[PDB]
Structures are given as C-alpha cells and as structure tokens.
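Chains as they are written, first to last, in the entry's author numbering: chain A, 8 to 22, 24 to 365; chain A', 8 to 22, 24 to 365; chain A'', 8 to 22, 24 to 365. A prime marks a further copy of an entry chain. Here is the structure we will look at, set down as structure tokens.
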Amino acid sequence: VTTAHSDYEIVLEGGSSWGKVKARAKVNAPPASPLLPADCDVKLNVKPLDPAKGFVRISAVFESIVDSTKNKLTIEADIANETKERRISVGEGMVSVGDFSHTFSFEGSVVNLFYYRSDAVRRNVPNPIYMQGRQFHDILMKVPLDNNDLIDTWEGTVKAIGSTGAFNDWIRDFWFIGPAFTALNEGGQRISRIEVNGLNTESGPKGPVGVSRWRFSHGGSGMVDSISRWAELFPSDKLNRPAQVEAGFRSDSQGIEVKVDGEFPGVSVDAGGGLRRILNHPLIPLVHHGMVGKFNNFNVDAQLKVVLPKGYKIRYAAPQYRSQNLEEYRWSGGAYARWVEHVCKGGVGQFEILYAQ
Amino acid sequence: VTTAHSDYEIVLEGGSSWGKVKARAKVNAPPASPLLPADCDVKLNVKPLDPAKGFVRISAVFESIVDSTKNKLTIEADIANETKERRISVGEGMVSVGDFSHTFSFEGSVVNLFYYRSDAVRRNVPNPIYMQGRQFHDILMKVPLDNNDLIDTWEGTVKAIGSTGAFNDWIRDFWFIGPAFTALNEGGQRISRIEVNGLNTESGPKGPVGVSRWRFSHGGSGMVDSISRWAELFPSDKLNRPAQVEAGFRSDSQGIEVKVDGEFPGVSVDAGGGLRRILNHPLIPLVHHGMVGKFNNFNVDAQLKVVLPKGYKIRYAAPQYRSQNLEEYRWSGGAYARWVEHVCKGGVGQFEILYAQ
Amino acid sequence: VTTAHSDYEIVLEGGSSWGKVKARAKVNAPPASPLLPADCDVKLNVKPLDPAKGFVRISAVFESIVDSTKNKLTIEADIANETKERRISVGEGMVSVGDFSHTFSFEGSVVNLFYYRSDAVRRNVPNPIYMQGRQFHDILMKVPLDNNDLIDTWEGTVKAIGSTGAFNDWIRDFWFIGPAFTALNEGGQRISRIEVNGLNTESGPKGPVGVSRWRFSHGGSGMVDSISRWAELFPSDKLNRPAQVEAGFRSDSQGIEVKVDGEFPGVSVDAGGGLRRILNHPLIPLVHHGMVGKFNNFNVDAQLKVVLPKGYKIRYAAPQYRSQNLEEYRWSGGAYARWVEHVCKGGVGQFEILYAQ
Ligand code: BCL
Ligand code: BCL
Ligand code: BCL
Ligand code: BCL
Ligand code: BCL
Ligand code: BCL
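Printed below as a string of structure tokens:
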C-alpha cells in the first residue's frame, strides 16, 4: 500500500511571533522527476545587520545530486525595506554544476503594488486572503566572463538581443524551464515581457565583466503570496537575533524522504481581540505541490504537535485537536487526516488555530 | 472513510421541455476555501413579461456568510433576444458586505458569434458538442456615489485609467480574483483587454453618479456553454409561466452539504426521429468543479430517479438504468456509480438518455 | 472495483536500435469524451525512398466512429532532413466525415531552433531532458473546391481575413477545439499568431483550387518532445527497411480497450560507456493523458516483458525487474505497479533501463 508517514511540530515563544518548526515525512511513491535519483540539501540563515536602517544579511546554500551530476548554488544578500512598497537588495553568489562554475554580483529593487485599497473591505473582512497586485523588479547584475563557456553564452545572447525583436517575449520560454512554465497559470500568476535597459562588457580588476540592467513585472490574481503578503513574508522588524532553516530530501524510484528544522519569527500573528493565530497557510506551495500530489493513491499516517508558551490556551481549532497535556496539543486521525490528504493533493481548505492567555 | 451521499430526481412534463429537478448531496471532506466556514443560499426566479417582444424578467438573490462576514447580492433584469445573435438587457441590483452597500443600474447587449457555419458538419453530426466562437459585451453601468468608500474607489480608478497605459490589460488580474483566473484556461476560455468608451460623473436626482461605458469580448474553443449553446441556455420561447430555483450549501472543515430544488423549461429536447433526450450536460460546471473534486478519496453512494410523462418510455440509456416501475426509472451502483465518481472529479464522459412515446 | 489490466512487450534487435512493441490494455472506467461511443483504428507505415537524399515515404490512415458518424483521414508524405535544423515535406491526403469529403495537397518546411547551446551543459549532464526552443512552420496547401461546402467555407474565410484584423489571433480559438486548447499550457507549449502570406484561387486541371501559404511558430519550455528531441523523433538514418504500427481502441460508457503492435527503429539508444538504454519516455503523452487519467480510482494489474538480443544483459534497472529467464526480463507488482499508476495519472518519474554485452 502507498503510505505517507509524517510528523510536524511547532513550539511557540511567548508574547514574539517566533517559533521552532520541525517536520519529517516519508512516502513510498515515485517523484515526478524525469531524472532520478535526486537529492537536495538547503540551508538558510539570516541575521540582523543594522536595525537602524532595517538591514538584514541573508545567506542561502543549495546543494543537490541529480542523476549523478553535483550542483550547488550559494547566495548572500543584504536586504532592507526603503518604504512599505519598495525593498532594496545587494548581494553576490555562485553557481556550480560538475566541472563548471561562475560567480555573480547584483543590486536590485522590487516595488510591490496592490491594485486597490479600500476601507470598506478592511473594516468588514477580519482575515482577508486574496489581494490582487503587481510587483516590479529592476535588476543590475555582473558576472565575470572568466571562462570560454561564459564568453560563448554572453556573445550568443548579445547576438540574439540585437537580431530578434521577439527576444523579450520568447526569453520566457527559456526562463520557466519544463513544468515551471505551467505552474505560472496554476497560481494565477503572470510574467510580463522583459525590458533590457543596458548590456555592457566592463573592464574589471581581473578581466572583462558582462553587465546587464533589466526589468520585469509580475501580476497575481490574489493567491501569489509574494504579492498579497509582501510585508508579512519579510518580518525584518521582529528579527532580534539570527534565524535559520535546514531542510533536505532524498528521492529515487522507490520514494521520497524529507526533513526540515528551523527557527524564525512570523509563525504566529495578532488576530485581534486579544487573540493570536498560527499564520494563514501560504497558497502557492499548496497549489504548486498540488501539481505533483495526485499521481499515486495513498493512506495518511500523520501527526501534528503544537506547544504553546506557558499559560496560553487554544480558544478555537478547526479541525479540532485530539488531546492536550498542559501546553502541548496533538492532532491525528479523523478530520485532521482528511485535511492532510486534502492539502497534499492541492487543496487550500482553511485549518485555523486561535490561542490566547 | 470519505463518502459522498447524493440523490437526484428529475420529473418530466409531457409533449413541453419543462422539468422539476431536485438534488441533495453531502460529503465529509473539506472544501477548498481558504476561509471557512462558508454557507450560501441562492434564489432565482423568472417570469414572462411581454411575450410579443420576447421579454422576461429575471431576479436573483445570493446570500452568504464567509468567516462570519455576511454578504448579499440582488439583481433584477429584463432580457430579450433582438436577433438570433444579439440579446439586450436592462436592470438594477445591490451589493452589500457587512456595514457596506451600494446599488447599481445598467443596460447592455451581448452579441454571440460562431467562427464558422457549415452544412457539411450540420448534416453529418447528429448531436454536435464543441462550437468555437466569440461573444461581445457592451455595457453601460451607473452607481450612485453616495458614500466615501464609493468616492474613494471612483477617484482611484479615474486616476489609474488616466495614468496607466496597461490598465485595460492588468484589470484582468483584479477581475478574476484568486483561482477564477486559473479556471479561464481550464475551460478553453479567453478574455480580451477591455475597452473603456466613457467614464463620467453625472448629476443625479439625489447626487453624483459614476457612469461607465465599456466593452470586452470572450473567446471559447468549444467547451464554453455560454458560447456554444447560446440559444439553448435562454429558452424564453418556452417560458409560458414562472420558473424558479432555490439552492444552498453549508460548509466547514468537516464537510459540505447541498440542496437544490427547481422547475424550469429546457430539461428535455427534441433529439430527432420522434425521440427526445435529457439535455446534453453543460461542460463548464464539470471542468470547473473538476478543479476541486480531486483532493480527497471518496466512495459513492448515489441514486438517480427519472420520472417520464405517462405513456413515455426509455428507448436508450447508457449507462443503463437498474429498475423501472411504470414511468419511474432508477439508477444506482455499478456503471452509474463509476460515472458519478468520474463527473465529480472533472470528467465529461457522455451519459445519454433517449425516450419516446 | 475499477481495474486496469495491461500487458506490454518489447523485443530488441542486436547491435540496431530496432524493436518490436506490443501493448494490450483494458479498463472499466468511462472515457472523458462528451460523445460516446468512440472507436478508432490507426495504421502507420514508412519506407526508405531515396537514402542518398534522406527521403522516406510515410503513410497514415485514421478511421473512427463517433456517436455513429464515420470519419476517415489518410495522408501520404515524402520527408527529408535538409540540414540538422531544417526538414522538408511534400504530400497529399483526404478527409471524410459521413457524406462529405475533400482532398488536399501540400508542401512545407519546419525549422527547429534551440534557444541556447552550451558546452558547459553538454559535458556535465549525461542524460539531458529539458531543451527549450522554438519551431517554425512554413506551409503551402491546396484543396480543390469541388463541392458547395468547400466553396462556402473558402468564401467565408476570405471574407473573415479581409474584414477582421484579429483573425490571426482568434483563429487559435477555432484551431485548438475543445480541451486541445487547455493542453497547450499543460505541456509548456505556446502557438504564435499565424501569418497569412497568400490566399489564391487557382485554375486547376479539373476546376478552381483554393491555395494558401501561411506560417506559425511554436515555443516549448522543455517538455515538448517535438522540439527538444527533434532529431531523435525522426530516425531516417536507421530506417534500412519498412517500419509500421497498427493501433486501435474501442470505447463506450463501460470502459476502454486498446491494442498496439509495431516495429520500428529508435527504441534503444547509445547511453555511452558501452551501455545502451531504452529511449527516455517522451513527456507530452504522459502530461496530456494525465488530463484524463485522474477521474476514476483504479487498481493496477500490469506486466512488462523486455527481451534483449542474445548475449546482452541488464546492467541497471529502476524500478527493478522481478524475474529473468535467459534474455527475457519481466516486471510486475511492487514498485513497477506504483510506477504504472503514477504515469497513467500524469507523472513523469524516470524508469531507467541500461543494458550491455
Ligand atoms: C503520492 C502523494 C505524495 C507526494 C508526492 C510527490 C511527488 C510525485 C513529488 C513530490 C515532491 C516533493 N514533495 Mg510531496 N508528496 C506527498 C507529501 C509530502 C509531504 C508531507 C506528507 O508532509 C512533504 C513534506 C512533501 C515534500 C516534498 C518535497 C521534498 C518535494 C517538492 C520540492 C520543492 O519544494 O521544490 C520546489 C521547487 C522549486 C520552487 C523550483 C523552481 C525552479 C523553476 C525554474 C522556478 C524559478 C523560481 C524563481 C525564479 C526563483 C525565485 C527568485 C527570488 C530570488 C526568490 N511531500 C504526498 C503524500 N511529492 C516533488 C519532488 O521534487 O520530489 C523530489 C515531486 O516530484
Ligand atoms: C528573497 C526571498 C524573500 C522572502 C520570501 C518569502 C516567500 C515567497 C514566502 C515567505 C514566507 C515566510 N517567510 Mg520570508 N522571505 C525573505 C526573508 C525572510 C526573513 C528575513 C528576516 O530575512 C524571515 C525571518 C522570513 C520569514 C518568513 C515566515 C514569516 C514565512 C514562513 C512561515 C513558515 O511557517 O514557514 C514554514 C517553513 C517551512 C515549511 C520550511 C521551508 C524550508 C525550505 C528550505 C525553504 C523553501 C524553499 C523553496 C520552496 C525553494 C526555494 C526555490 C528558489 C528557487 C530558491 N522571511 C526574503 C526577503 N518568505 C512564506 C509565507 O508564509 O509568507 C507569509 C512565503 O510564502
Ligand atoms: C471529495 C470530492 C467531493 C467534492 C469536493 C468539493 C470541494 C473540495 C469543493 C467543492 C465545492 C462545491 N461542491 Mg463538490 N464535491 C463532491 C461532490 C459534489 C456534489 C455531488 C456528489 O452531487 C455536489 C452537488 C457538489 C456541490 C458543490 C457546490 C456546493 C460547491 C461549488 C459551488 C459553486 O458552484 O460555485 C461556483 C462559483 C462561482 C461560479 C464563483 C465565480 C466567482 C469568480 C470571480 C467569477 C465571476 C463569474 C462571472 C463574472 C459572473 C457571470 C456574469 C453573467 C452576468 C452571468 N459537490 C465530491 C464527492 N466540492 C467547492 C465549494 O465552494 O465548497 C463550498 C469546493 O471548494
Ligand atoms: C445571465 C444568465 C443567462 C443564462 C445563462 C446560462 C448558462 C451559462 C447556462 C444556463 C443553463 C440552463 N439555463 Mg439559462 N440563462 C439565462 C436565463 C434562463 C431562463 C430564462 C427564461 O430566463 C431559463 C428558463 C433558463 C434555463 C436554463 C436551462 C435550459 C439550463 C439548465 C438546465 C439544468 O438542468 O440545470 C440543472 C440545474 C441545476 C443543476 C441547479 C443550478 C442552481 C444554481 C442556483 C444556479 C447556478 C449558479 C452558478 C453556478 C453560480 C452563478 C455565479 C454567478 C457569479 C452569479 N435560463 C440568462 C439569460 N443558462 C445551463 C445549460 O445547460 O445550458 C445549456 C448553462 O450552462
Ligand atoms: C481510470 C484511469 C485510466 C484511464 C482513463 C482514460 C480516460 C478517462 C480517457 C482515456 C483515453 C485514452 N487512454 Mg487512458 N486510462 C488508463 C490507462 C491507459 C492505458 C494503459 C493502462 O496502458 C492505455 C494504453 C491507455 C490508452 C488510452 C488511449 C486509447 C486514449 C487516448 C487517445 C489518444 O492518444 O488520443 C490523443 C489525441 C490527440 C492527439 C488528438 C488531438 C486533436 C487536437 C485538435 C490537436 C491537433 C494536433 C496537431 C495539430 C496534429 C499534429 C500535426 C503534425 C502533422 C503531427 N490508457 C487509466 C488506468 N483513458 C481517452 C480517450 O480518448 O478514450 C477514448 C480518455 O478520454
Ligand atoms: C510528422 C510526424 C514526425 C514524427 C513525430 C514524432 C513525435 C512528436 C514523437 C515521435 C516519437 C518516435 N518516433 Mg517519430 N515522427 C516522424 C517519423 C518517424 C519515423 C520515420 C523514419 O518516418 C520513425 C521510424 C519514427 C520513430 C519514432 C520513435 C523513435 C519514437 C517512438 C518510440 C516508441 O517507443 O514509441 C512507442 C509506440 C507507441 C506507444 C504506439 C504509438 C501508436 C500510435 C498509433 C501513434 C501515436 C498517435 C498520436 C498519439 C495521435 C496522432 C494525432 C495526430 C493528430 C495525427 N518517427 C515524423 C517525421 N515521432 C516519440 C518519441 O519518443 O520521440 C522521441 C514522439 O514523442
């Protein structure tokens, strides 16, 4: 029988939206990857840089093995809000695949805009979900052309841009490789044609550098969390100490195994009336994973454990928890099991938890 | 276990395409709504107004409660065919959400056009399904700007239209909220950019009125019933007395419960050769519901009852009925059960019923 | 219970990428066709014409019965590669539906272009799958206007082209009938507006002929095999004798039954290191069938038999085979059964088989 075994745990901090999240999962069904096996490890870290100007330093490392090819991507960036709609970033990183690698540095800004703002909606809807909007990226990137492969790609690109009028359109076929293209529509997401503002070869300290300045916008009909939850997804103001997440998966023709461990702020939020809630589930991950969650029938063997800070209690949970031991609450079987099956297949049915002192 | 229990009943009138439809359904699986609970009641009524000019008066009321917010929409309209391709309407209604509400009045015409008409298809295909075409809307609407929220929205819009060249394009991200966007492609449906022909503030008897005149077209590759079955979906010529439908659902994290009761013309149609059929199932509802029907495994406990007028008998049914008692025919289990599972998940496999005297 | 019973067999030739493929399948679940019943037979044949210029002659016959309407399409074409990116074709055929039929002749070229070519990818990825690109069609077609239906359609079209500026856009709604439209996005595929280069009525030996010259391009994000595997899908260089495939299905409200039998080159390919593999599974068929494979729950009763040439053995298989008798290997149950369920529902998880002497 195909069985998914999972275990999730959330330990909340008092007052502080911080939480520790742990997850383990294993399913004996094949992944929908046309190249197997595929293993990946991810490590994310962020630390307060300069709280006066709202800067944080984020670092990410992705490492994987796909059909015997070793890949790696690292990125380090400094990010800050300038206004409520405009955020800026500056960073550098590296990509490496087998014997090949290249570096890059960049600076960019993103402006997030909602299509409407209405007090009539605001005062009448206590927990608004869909927020339609558009987000603008303005990027400057630099890559040292220090090997023949880079030179070839740079020259090929400069040739294409200057010869093909549809380049700004067709580039999207290249960018959203494989089923990434398909996922755009699934999430109510649109990518505009790009605008190329400048392409130059500079003379760097150590050699020629390919410099490019370009922009694009991305629209969302309300499920794109990047747009609808712009402020909430970057809780820089609550980052009083370093946060981190380590996650990884191993997969082949027999099954998938995953592990996650992290601690960061933003896990709980003020729900008003003196109540707090675990944050609303982001929609994108459920909709995108929904594209791969329907290929094998499975049974669910799942459990969730929520540990509240001392003296806090759950005022409302639906689905309902099965047991409680002081501050620890557990869910398993029954309606919780049906909800897990549901979300693993792509459903976004609400699972709400409100707690208070 | 997840079980869907449903009961459907159709009682046909003799000769007259009229029928009474009753449906009850309950499933213990969560709905895919990111806000729960969600309850809704709908009431539709239509009555012959002036049969000489083909006018009917339709009225609709929608009432719901979503996460504790009460919403309501009413609409009343007079509709008539002018030609076989052009239909006109004039009406008014109201929207209300919590402490907020606004009214509106409108007049509009819709022109439905098929991309081709061929006698070679017509004489060779007895029961044609896909009909590709395009439909044009021309709308004039008026809303009294009688509160600050309306004024804010009106001024914001007039500002956007005059400052953003992409407004006619991006408005579509706002219009098709959440997963409504996604459903467009799923049904082979396209919405053009809008055309804004006029935006004015008039001086009404009781205050300023925001007046707008705009158009859009919508294409369909053949599954869009609004286009392919343009004439059949508005049987004004068979409406010799008032028709109505009452329907509603209650839903939360535990399950969904639905009830429908109606009586209206258009349930049966001439199939030629002296035969009649229950109308072909519209495709849109199956394809759209198919987007939410695949998140939980279920067992089917379903029954269908068809009551023919006295002296009529079923000449062909596939799937086959299980039993017959005079004019009453029943379906349950076996192939019918597999067909129900199929359509609830998004399939459009044909279920045909032909009857005759 | 819904059960799918299938049997697949591959017999490989030694050295030669030739293989014989046999498949039988039956499932008692209804097809997603809004018109039933639907039966179809297909016959394909190809033979070396002139190996010096790389020409092959291909012939196809499609015959079906849909809801009692008999349809038939035949096509015969001569095809050759001119370069590695450009292929040319010349042919003729016929379409017939009930009492109607028409012929056609044509000549066209297709140019396939990849968006990038990189040695860094080539040397580091041993078995590349996604290849983004665009394909250009240039078509000249001729149809004798020998009946009133043809004349009507021709005149209607010439009228539309000259009156509607959006014809080159809207024609796509007509072309991708029903759910064919939807399938485009699902496979990461895009069709451009068409370009009409010429529309003329010529005076043929036997009467007026409608002549048209038009083009279109089609983009693919990497799953479109027509683009990413352009060379491999037309193994003209391995066609040393005639190849053929016969296939057909019967279907109605009770189930689907299918049979396939063929022999052709391209079934196995050099995998490097002295190893050979069965070719990578094309992605389109799995993704498109995935749109209809999820409407009924089923159990799998499936078996695969692979017969290698004398003296060859399997060096790697995942999922693993169950048994081996000399050169014959069999798969059934366990991980193979889960893989079948997976691909029948739309998954593309890799099933790899490497063999060698
Ligand atoms: C049988 C039903 C099964 C099931 C079947 C499958 C199948 C089948 C698959 C998965 C896959 C996965 N499943 Mg599942 N899965 C089940 C239940 C679970 C459970 C659980 C029970 O709790 C968990 C935790 C998981 C977890 C996972 C992940 C390990 C994995 C998806 C990886 C991912 O996020 O990539 C997200 C990837 C991306 C975002 C990459 C995008 C790249 C493109 C080009 C886009 C660029 C983005 C943008 C430009 C970059 C942003 C720029 C800004 C700077 C940010 N599944 C159920 C029970 N699962 C998939 C997988 O990969 O397995 C190895 C997969 O194929
Ligand atoms: C450039 C990227 C953006 C950004 C984009 C997003 C987006 C987009 C989302 C979040 C979400 C969240 N972010 Mg943010 N976020 C950024 C910086 C931060 C910082 C910080 C101070 O720098 C913090 C503390 C957080 C914290 C948070 C939480 C409030 C929330 C996740 C809650 C949860 O329970 O997850 C539980 C944690 C897990 C289940 C494990 C996740 C572990 C894996 C390793 C990470 C995901 C990998 C992703 C699928 C693959 C990346 C592919 C790209 C090609 C690289 N973000 C930067 C500025 N963030 C999510 C949310 O809910 O928003 C409201 C969300 O949708
Ligand atoms: C486990 C599998 C389950 C299942 C799982 C689900 C799930 C999961 C969900 C449903 C949902 C629903 N299911 Mg189901 N369901 C099952 C079987 C059934 C059976 C049955 C057995 O007979 C029935 C009768 C139902 C009935 C229903 C409905 C009560 C409900 C869809 C509401 C709707 O139509 O909104 C249609 C809504 C719209 C058309 C709104 C569109 C708004 C957008 C912005 C578009 C504008 C349109 C346009 C501009 C206006 C027109 C202008 C012209 C003037 C006309 N289901 C199977 C057995 N069902 C959904 C729901 O809402 O539940 C509460 C849902 O999430
Ligand atoms: C402005 C809207 C259009 C219109 C648009 C449509 C569309 C679109 C369709 C129909 C369909 C039908 N219409 Mg019509 N229809 C109109 C006016 C009428 C009038 C009349 C004289 O005024 C009559 C008698 C009918 C009668 C009929 C039937 C012939 C047929 C439904 C058969 C059935 O078995 O349903 C069985 C009944 C049910 C299963 C219960 C339905 C109950 C719920 C309350 C109604 C649906 C709500 C919808 C999902 C949500 C609306 C969301 C919008 C945002 C408001 N229509 C007006 C002019 N009609 C359908 C059909 O089959 O076409 C051939 C269809 O697809
Ligand atoms: C319950 C789950 C079931 C299941 C449920 C279904 C359902 C439901 C359906 C099918 C359908 C089919 N299934 Mg299945 N199926 C199952 C398992 C199987 C197994 C097996 C176990 O091995 C097999 C062999 C099959 C085989 C098949 C086929 C007989 C059939 C798809 C026909 C096709 O290819 O049309 C491909 C068709 C096209 C490509 C036509 C495209 C026309 C459009 C307009 C596009 C034009 C293309 C282009 C312009 C022309 C090219 C130009 C160049 C010159 C080339 N299924 C699983 C177990 N199957 C479907 C069917 O048709 O059944 C009769 C269907 O509805
Ligand atoms: C105009 C069409 C193109 C073409 C387009 C494609 C496409 C597209 C694909 C192939 C694929 C393959 N082609 Mg090629 N192919 C052409 C000419 C040929 C010639 C030849 C010398 O003329 C040969 C020998 C082949 C041989 C091959 C194999 C290498 C490979 C199938 C392997 C397999 O196991 O299938 C197993 C066989 C079966 C499972 C049975 C199939 C039987 C049915 C009758 C055929 C499919 C019908 C299709 C679904 C419906 C057609 C609808 C259209 C509207 C007409 N092609 C011409 C030039 N070929 C596939 C592949 O894997 O590419 C790498 C693939 O995706």
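Ideal Cβ placement from N, Cα and C applies to all residues, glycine included.
May I ask you to report which of helix, strand or coil DSSP gives residue i?
i        : result
A:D233   : helix
A:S220   : strand
A:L334   : coil
A'':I199 : strand
A'':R249 : coil
A':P243  : coil
A':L148  : strand
A':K353  : helix
A'':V166 : helix
A:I292   : helix
A'':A37  : coil
From the DSSP output, read off the bridge partner residues of residue i.
i        : result
A':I179  : The partner list for A':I179 (beta bridge, DSSP) is empty, contrary to what the question assumes.
A':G141  : A':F122, A':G228
A':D58   : A':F63
A':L362  : A':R285, A':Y324
A'':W339 : A'':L312
A':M102  : A':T82, A':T111
Nearest CA to the CA of residue i: which residue from the options?
i                    : options                             : result
A'':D177             : A':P45, A':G141, A':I185            : A':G141
residue 1 of chain A : A':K318, A':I147, A':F112, A':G106  : The structure shown has nothing for residue 1 of chain A, since chain A only spans 8 to 365.
A'':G281             : A'':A364, A'':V29, A'':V35, A'':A40 : A'':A364
A:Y337               : A:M149, A:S113, A:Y15               : A:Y15
A:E360               : A:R285, A:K313, A:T165, A:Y124      : A:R285
A:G206               : A:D146, A:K28, A:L287, A:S25        : A:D146
A':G270              : A':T10, A':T9, A':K28, A':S24       : A':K28
A:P39                : A:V300, A:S340, A:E335, A:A326      : A:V300
A':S117              : A':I264, A':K51, A':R95, A':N132    : A':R95
A':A168              : A:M139, A:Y124, A:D75, A:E71        : A:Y124
A':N53               : A':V277, A':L334, A':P250           : A':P250
>> Does the structure place the stretch 211 to 219 of chain A' close enough to the stretch 253 to 266 of chain A that three or more beta carbon pairs sit under 8 Å?
In response: With the cut-off at 8 Å, the stretch 253 to 266 of chain A and the stretch 211 to 219 of chain A' do not touch.
> Per the contact definition of three or more C-beta pairs closer than 8 Å, is the stretch 158 to 175 of chain A in contact with the stretch 188 to 204 of chain A'?
Replying inline: No, the stretch 188 to 204 of chain A' does not touch the stretch 158 to 175 of chain A.
> Taking Cβ-Cβ distances below 8 Å as the criterion, which residues of the stretch 296 to 307 of chain A'' are in contact with chain A'?
Replying inline: Correct list: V300, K302, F303, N304, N305.
>> Can you pull out the residues from the stretch 246 to 267 of chain A'' whose beta carbon lies closer than 9 Å to at least one beta carbon of chain A?
In response: Taking 9 Å as the Cβ-Cβ cut-off, the stretch 246 to 267 of chain A'' has no residue approaching chain A.
> Can you list, in chain order, the residues of the stretch 29 to 55 of chain A' whose Cβ is nearer than 8 Å to any Cβ on chain A?
Replying inline: Those residues of the stretch 29 to 55 of chain A' placed with their C-beta closer than 8 Å to a C-beta in chain A are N36, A37, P38, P39, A40, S41, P42, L43, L44, ordered along the chain.
>> Contact between the stretch 180 to 198 of chain A' and the stretch 179 to 194 of chain A'' is defined here as three or more beta-carbon pairs at a separation below 8 Å; is this criterion met?
In response: Taking a contact to require three or more Cβ pairs closer than 8 Å, the stretch 180 to 198 of chain A' and the stretch 179 to 194 of chain A'' qualify as touching.
> Can at least three beta-carbon pairs, one atom from the stretch 71 to 87 of chain A'' and one from the stretch 98 to 109 of chain A'', be found at a separation below 8 Å?
Replying inline: Three or more beta-carbon pairs separated by less than 8 Å link the stretch 71 to 87 of chain A'' to the stretch 98 to 109 of chain A'', which places the two stretches in contact.
>> Under 8 Å: do the stretch 230 to 242 of chain A and the stretch 179 to 187 of chain A' share three or more Cβ pairs, one atom per stretch?
In response: Judged by pairs of C-beta atoms under 8 Å, the stretch 230 to 242 of chain A touches the stretch 179 to 187 of chain A', as three or more such pairs exist.
>> When you compare the stretch 25 to 37 of chain A'' with the stretch 318 to 330 of chain A'', are there three or more beta-carbon pairs, one atom per stretch, that lie closer than 8 Å?
In response: With a cut-off of 8 Å, the stretch 318 to 330 of chain A'' and the stretch 25 to 37 of chain A'' do not count as touching, because too few Cβ pairs lie within range.
> Counting Cβ pairs, one atom from each stretch, are 3 or more of them under 8 Å apart for the stretch 333 to 350 of chain A'' and the stretch 304 to 317 of chain A''?
Replying inline: Yes, the stretch 333 to 350 of chain A'' touches the stretch 304 to 317 of chain A''.
> Three or more beta-carbon pairs under 8 Å between the stretch 314 to 325 of chain A and the stretch 237 to 246 of chain A, yes or no?
Replying inline: By the C-beta criterion, the stretch 314 to 325 of chain A is judged not to be in contact with the stretch 237 to 246 of chain A, since fewer than 3 inter-stretch pairs fall below 8 Å.
>> Whether or not the stretch 354 to 363 of chain A' and the stretch 281 to 297 of chain A' are in contact is what I'm after, with contact meaning three or more pairs of Cβ atoms, one per stretch, closer than 8 Å; do they touch?
In response: Per the Cβ contact rule, the stretch 281 to 297 of chain A' is in contact with the stretch 354 to 363 of chain A' (3 or more Cβ pairs under 8 Å).
> According to a CB-to-CB cut-off of less than 8 Å, which residues of the stretch 181 to 194 of chain A'' neighbour chain A'?
Replying inline: Against chain A' - using a Cβ distance shorter than 8 Å - the residues of the stretch 181 to 194 of chain A'' are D181, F182, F184, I185, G186, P187, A188, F189, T190, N193.
> According to a CB-to-CB cut-off of less than 7 Å, which residues of the stretch 339 to 353 of chain A neighbour chain A'?
Replying inline: Among the residues of the stretch 339 to 353 of chain A, those with a Cβ less than 7 Å away from any Cβ of chain A' are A343, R346, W347, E349, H350, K353, in the order of the chain.
> the stretch 213 to 232 of chain A'': which residues have C-beta closer than 8 Å to a C-beta of chain A, in chain order?
Replying inline: Under the 8 Å Cβ criterion, the stretch 213 to 232 of chain A'' contributes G227, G228, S229, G230, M231.
>> Short of 7 Å Cβ to Cβ, which residues in the stretch 93 to 123 of chain A face chain A''?
In response: Listed by position along the chain: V105, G106, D107, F108.
> Using a beta-carbon distance cut-off of less than 7 Å, what residues from the stretch 165 to 182 of chain A'' approach chain A'?
Replying inline: Along the stretch 165 to 182 of chain A'', going in chain order, the ones with a CB nearer than 7 Å to a CB of chain A' are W178, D181, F182.
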